[PDB]
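Q: For reference, this is final.txt, and it has compact mmCIF, C-alpha atoms.
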# COMPACT_ATOMS: atom_id res chain seq x y z
CA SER A 2 12.08 -7.86 0.73
CA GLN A 3 14.36 -4.98 0.25
CA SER A 4 10.87 -3.52 -0.02
CA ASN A 5 10.06 -4.34 3.65
CA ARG A 6 13.40 -2.77 4.64
CA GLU A 7 12.46 0.42 2.86
CA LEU A 8 9.15 0.61 4.73
CA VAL A 9 10.94 0.29 8.04
CA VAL A 10 13.47 3.09 7.23
CA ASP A 11 10.75 5.27 5.83
CA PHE A 12 8.57 4.78 8.93
CA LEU A 13 11.41 5.39 11.36
CA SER A 14 12.71 8.46 9.50
CA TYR A 15 9.20 9.90 9.53
CA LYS A 16 8.96 9.45 13.33
CA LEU A 17 12.42 10.80 13.94
CA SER A 18 11.70 13.82 11.74
CA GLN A 19 8.35 14.39 13.41
CA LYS A 20 9.56 14.40 16.96
CA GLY A 21 12.47 16.82 16.35
CA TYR A 22 15.31 14.41 15.90
CA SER A 23 17.81 13.73 13.16
CA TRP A 24 17.20 10.97 10.58
CA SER A 25 20.83 11.04 9.28
CA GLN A 26 21.88 7.33 9.90
CA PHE A 27 20.00 6.43 6.68
CA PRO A 82 2.30 0.87 -4.41
CA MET A 83 5.17 1.78 -2.17
CA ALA A 84 4.46 5.43 -1.74
CA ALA A 85 0.82 4.64 -0.85
CA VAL A 86 1.78 1.96 1.70
CA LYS A 87 4.37 4.25 3.24
CA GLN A 88 1.93 7.14 3.69
CA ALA A 89 -0.80 4.84 5.03
CA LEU A 90 1.63 3.40 7.60
CA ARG A 91 2.82 6.88 8.48
CA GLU A 92 -0.73 8.06 9.38
CA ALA A 93 -1.61 4.75 10.95
CA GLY A 94 1.14 5.00 13.56
CA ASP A 95 0.23 8.61 14.33
CA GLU A 96 -3.37 7.51 14.71
CA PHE A 97 -2.31 4.61 16.95
CA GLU A 98 -0.06 6.82 19.07
CA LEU A 99 -2.65 9.55 19.57
CA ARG A 100 -5.37 7.09 20.39
CA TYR A 101 -3.19 5.22 22.85
CA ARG A 102 -0.25 6.94 24.56
CA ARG A 103 -0.31 3.31 25.69
CA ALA A 104 3.20 1.86 25.62
CA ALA A 105 5.81 1.17 24.99
CA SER A 106 4.66 -0.30 27.51
CA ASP A 107 6.76 -2.37 29.75
CA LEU A 108 7.70 -3.16 26.17
CA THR A 109 10.36 -0.54 25.61
CA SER A 110 10.37 -0.69 29.39
CA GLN A 111 10.89 -4.44 29.03
CA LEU A 112 13.69 -3.88 26.55
CA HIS A 113 15.96 -1.19 28.03
CA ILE A 114 18.14 -1.26 24.81
CA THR A 115 21.96 -0.86 25.02
CA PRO A 116 24.57 -1.63 22.39
CA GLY A 117 25.14 -4.96 24.09
CA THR A 118 21.50 -5.90 23.37
CA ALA A 119 21.20 -8.72 20.75
CA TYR A 120 18.40 -9.38 18.23
CA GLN A 121 16.96 -12.21 20.20
CA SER A 122 16.04 -10.00 23.14
CA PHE A 123 14.32 -7.54 20.78
CA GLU A 124 12.55 -10.53 19.26
CA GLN A 125 11.44 -11.83 22.66
CA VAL A 126 9.82 -8.54 23.60
CA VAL A 127 8.16 -7.82 20.22
CA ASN A 128 6.71 -11.36 20.39
CA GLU A 129 4.50 -10.12 23.34
CA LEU A 130 2.64 -7.97 20.82
CA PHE A 131 1.81 -11.07 18.80
CA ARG A 132 0.87 -13.35 21.56
CA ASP A 133 -2.56 -13.73 19.95
CA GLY A 134 -1.03 -13.88 16.48
CA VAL A 135 -0.99 -11.17 13.83
CA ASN A 136 -3.42 -8.55 12.67
CA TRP A 137 -3.16 -5.20 11.07
CA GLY A 138 -3.32 -3.21 14.36
CA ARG A 139 -0.40 -5.15 15.91
CA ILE A 140 1.70 -4.57 12.93
CA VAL A 141 0.84 -0.86 13.39
CA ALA A 142 1.93 -1.14 17.05
CA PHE A 143 5.13 -3.06 16.05
CA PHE A 144 6.08 -0.17 13.77
CA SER A 145 5.12 2.51 16.42
CA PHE A 146 7.16 0.40 18.86
CA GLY A 147 10.25 0.58 16.70
CA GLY A 148 9.79 4.31 16.46
CA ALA A 149 9.61 4.79 20.18
CA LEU A 150 12.75 2.65 20.61
CA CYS A 151 14.67 4.85 18.08
CA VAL A 152 13.58 7.97 19.93
CA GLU A 153 14.68 6.52 23.28
CA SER A 154 17.92 5.48 21.77
CA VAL A 155 18.63 9.04 20.76
CA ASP A 156 17.55 10.42 24.18
CA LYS A 157 20.02 8.15 25.83
CA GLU A 158 22.71 9.43 23.44
CA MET A 159 22.77 5.90 21.90
CA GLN A 160 22.23 7.06 18.25
CA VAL A 161 24.33 4.24 16.77
CA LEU A 162 21.49 1.87 17.70
CA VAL A 163 19.10 3.52 15.32
CA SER A 164 20.29 1.64 12.21
CA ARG A 165 20.50 -1.58 14.25
CA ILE A 166 16.94 -1.27 15.45
CA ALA A 167 15.98 -0.70 11.80
CA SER A 168 17.65 -4.00 10.86
CA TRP A 169 15.99 -5.91 13.60
CA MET A 170 12.66 -4.53 12.56
CA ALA A 171 13.24 -5.58 9.00
CA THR A 172 14.43 -9.08 10.07
CA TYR A 173 11.42 -9.48 12.42
CA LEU A 174 9.02 -8.20 9.81
CA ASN A 175 10.36 -10.37 7.01
CA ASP A 176 10.46 -13.48 9.22
CA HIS A 177 7.34 -13.46 11.39
CA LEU A 178 5.11 -10.92 9.79
CA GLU A 179 5.45 -11.23 6.00
CA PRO A 180 3.80 -14.72 6.06
CA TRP A 181 0.59 -13.41 7.64
CA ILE A 182 0.66 -10.23 5.66
CA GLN A 183 0.96 -12.26 2.41
CA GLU A 184 -1.85 -14.54 3.44
CA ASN A 185 -4.15 -11.63 4.08
CA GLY A 186 -3.71 -9.64 0.91
CA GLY A 187 -0.37 -7.93 1.09
CA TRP A 188 0.06 -4.25 1.71
CA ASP A 189 -2.73 -3.66 -0.90
CA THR A 190 -5.18 -4.64 1.74
CA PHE A 191 -3.34 -2.61 4.31
CA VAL A 192 -3.94 0.35 1.95
CA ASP A 193 -7.59 -0.62 1.24
CA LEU A 194 -8.13 -0.45 5.06
CA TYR A 195 -5.90 2.44 6.10
CA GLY A 196 -4.90 4.54 3.06
How does the structure come out when it is put into structure tokens?
A:
Amino acid sequence: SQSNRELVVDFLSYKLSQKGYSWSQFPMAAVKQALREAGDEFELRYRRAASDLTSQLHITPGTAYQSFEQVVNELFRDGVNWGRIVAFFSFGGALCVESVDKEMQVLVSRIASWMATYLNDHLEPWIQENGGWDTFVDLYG
């Protein structure tokens, strides 16, 4: 999915805009907006993270996909559900914001790619089995 890709960029742009940073490096609309409020709702409710997750990752430009993958896997240690996909997306957002705080802005489009790879590979199967983003919208939107 180029579609999945678009979700990722839209989510991460939203978070970057929201938190006072640039987003320059860059039904659908209903999915997008539902995911936008879902992360906000998950971040307010938690403040839990990222945790030793971003902690666990300490991203640099020498970081490769596989390390990202290894960390994000801890989220899905009990398999997938809608909440953990919310957290996966909020996770990506936090990692973009840290990247920019460390003056590592190049990473932002990289992190976006990883997220889209990880999504399309490990998450799309479960998502498709449980009703697609339609259901995500029935439950969140």
Q: Out of A:145, A:2, A:190, A:128, which residue has the shortest atom-to-atom distance to residue 86 of chain A when counting all atoms listed in the file?
A: A:190
Q: What does the structure give for the distance between atom CA of residue 146 of chain A and atom CA of residue 103 of chain A, in Å to one decimal?
A: 10.5 Å
Q: Counting only C-alpha atoms, figure out which residue out of A:98, A:193, A:176, A:184 gets nearest to residue 85 of chain A.
A: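 Smallest separation from residue 85 of chain A among the options: A:193.
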Q: Report, in Å with one decimal, the straight-line distance from atom CA of residue 24 of chain A to atom CA of residue 161 of chain A.
A: 11.6 Å
Q: Which value, in Å to one decimal, gives the distance between atom CA of residue 112 of chain A and atom CA of residue 134 of chain A?
A: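 According to the coordinates, atom CA of residue 112 of chain A and atom CA of residue 134 of chain A are separated by 20.4 Å.
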Q: Which residue, A:7, A:124, A:96, A:153, has the smallest gap to residue 109 of chain A when you use all atoms listed in the file?
A: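 Going through A:7, A:124, A:96, A:153 one by one, the smallest distance to residue 109 of chain A is for A:153.
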Q: Counting all atoms listed in the file, find residues at most 6 Å from (11.8, -3.6, 17.4) (file frame) and give them as an MDAnalysis selection string.
A: chainID A and resid 123 147 166 170
Q: Have a look at A:93, A:116, A:196, A:189 and name the one nearest to residue 143 of chain A; count only C-alpha atoms.
A: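 Counting only C-alpha atoms, the residue closest to residue 143 of chain A is A:93.
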Q: Write out as lines of an AutoDock Vina configuration file an axis-aligned box for segment 171-174 of chain A: all of its atoms listed in the file, 6 Å added on each side, centre and edge lengths in Å with one decimal.
A:
center_x = 11.7
center_y = -7.5
center_z = 10.7
size_x = 17.4
size_y = 15.9
size_z = 15.4
Q: Which protein, DNA or RNA residues are at most 7 Å from (15.4, 2.7, 17.2) in the file's coordinates when you count all atoms listed in the file, listed as a PyMOL selection string?
A: chain A and resi 147-152+154+162-163+166-167
Q: Of the candidates A:132, A:26, A:4, A:12, which one gets nearest to residue 164 of chain A if we count only C-alpha atoms?
A: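 The shortest atom-to-atom distance to residue 164 of chain A comes from A:26.
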Q: Using only C-alpha atoms, find the one residue out of A:104, A:17, A:194, A:130 that sits nearest to residue 160 of chain A.
A: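 Residue with the minimum atom-to-atom distance to residue 160 of chain A: A:17.
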Q: Near residue 22 of chain A, within 10 Å and counting only C-alpha atoms, which residues show up once chain neighbours fewer than 6 positions away are dropped, as a list in words?
A: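 Here the qualifying residues turn out to be residues 14, 15, 16, 151, 152, 155 and 156 of chain A.
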